[PDB]
Amino acid sequence: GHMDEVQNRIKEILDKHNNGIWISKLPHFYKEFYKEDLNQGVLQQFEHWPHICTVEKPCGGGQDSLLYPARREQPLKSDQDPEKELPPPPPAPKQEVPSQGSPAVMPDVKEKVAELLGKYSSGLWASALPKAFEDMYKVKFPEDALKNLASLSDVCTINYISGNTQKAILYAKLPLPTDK
């Protein structure tokens, strides 16, 4: 052992004193206590040591610094901080969705169709789409909404049976391209 003893004696004086020592008075303090001529390089040790002391520039020092003892060790260098308390994901529970944005153009007729398609693994067949519309939402509404196969093709995959455009089926297409 050697450098560990130099380390431990500077924390010993500074801890015993509690009130730190000015860097200019440190060398004669060291000479008095440990009977040795402090080399100038040990000042550089004092500047870098995280476990022995802290160099401080109190406002009254002006042109020199105080060596406080190691009580200020390990301030925010835990290297385990992400798991010391591991807080929940959001900024706070009141902010569970930091993101913001708006939905797509989906008027009530599109919404009726889109949910209605969602209710059936069978899809809705060309006649069953009107029947299920009127039954489920308890409405009797314009043929402009329930016979306009094109608007239904905006909300649904429309595909045919018995021939091209001979009989029709609807499956969900549920357009929601909006990301913001």
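Solution NMR is the method the PDB entry lists for this structure.

### Here we look at the overall build of the chain
When you go through the chain residue by residue, the secondary structure sums to seven helices and six strands. When the helices and strands of the chain are listed from N to C terminus, the series reads α-β-α-α-β-β-α-β-α-α-α-β-β. Taking 16 Å as the expected radius of gyration for a compact globule of 180 residues, we find that the chain reaches 39 Å, considerably beyond that expectation. With the C-alpha coordinates of the chain rotated into their principal frame, the extents come out at 110 × 35 × 25 Å. For the chain, with 180 residues in total, the buried portion stands at 26%. The contacts of the chain with a sequence gap of at least 6 include a subset with a gap of at least 24, amounting to 42%. Charged side chains of the chain number 22 positive and 25 negative; the gap between the two group centres comes to 6 Å.

### Details of the sheet that holds strand β3 (residues 66-69)
A sheet is described by the order of its strands in space; here three strands give the open sequence β1-β3-β2, paired in antiparallel fashion. Looking at which strands have only one partner, the edges of the open sheet turn out to be β1 (21-22) and β2 (53-56). The pairing of β2 with β3 spans four bridges and is antiparallel. Of the residues in β3, the one forming a bridge with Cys-53 is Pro-69.

### Re the environment of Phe-133
Looking at the secondary structure, you find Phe-133 in helix α5 (residues 128-136). When its relative accessible area of 0% is taken as the criterion, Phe-133 is described as buried. For the pair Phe-133 and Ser-153, spaced 20 residues apart in sequence, the C-alpha separation works out to 15 Å. Each residue touching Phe-133, except ones within four places of it in the same chain, is listed here: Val-109, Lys-112, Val-113, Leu-116, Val-139, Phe-141, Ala-145 and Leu-146.

### Some points on the pairing of strand β5 (residues 156-161)
In this structure, β5 lies alongside strand β6 (residues 167-172), joined through six bridges in antiparallel fashion. For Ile-158, the partnering residue across the bridge sits in β6 and is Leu-170. The hairpin turn running from β5 into β6, its antiparallel successor, is five residues long, and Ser-162 in that turn takes a positive phi close to 65°.

Cut-offs applied
Residues numbered from 1 in each chain as written, not as in the entry; some residues may be left out. Heavy atoms only, no water. Helix = DSSP H or I, 4+ residues; strand = E, 2+ residues; numbered from the N terminus. Rg over C-alpha atoms; globule rule 2.2 N^0.38 Å. Buried < 20%, exposed > 50% of the residue type's maximum accessible area, 1.4 Å probe, protein only. Contact = heavy atoms within 4.5 Å. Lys, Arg positive; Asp, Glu negative; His and termini not counted. Charge placed at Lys NZ, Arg CZ, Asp CG, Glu CD. Pairing = 2+ DSSP bridges.

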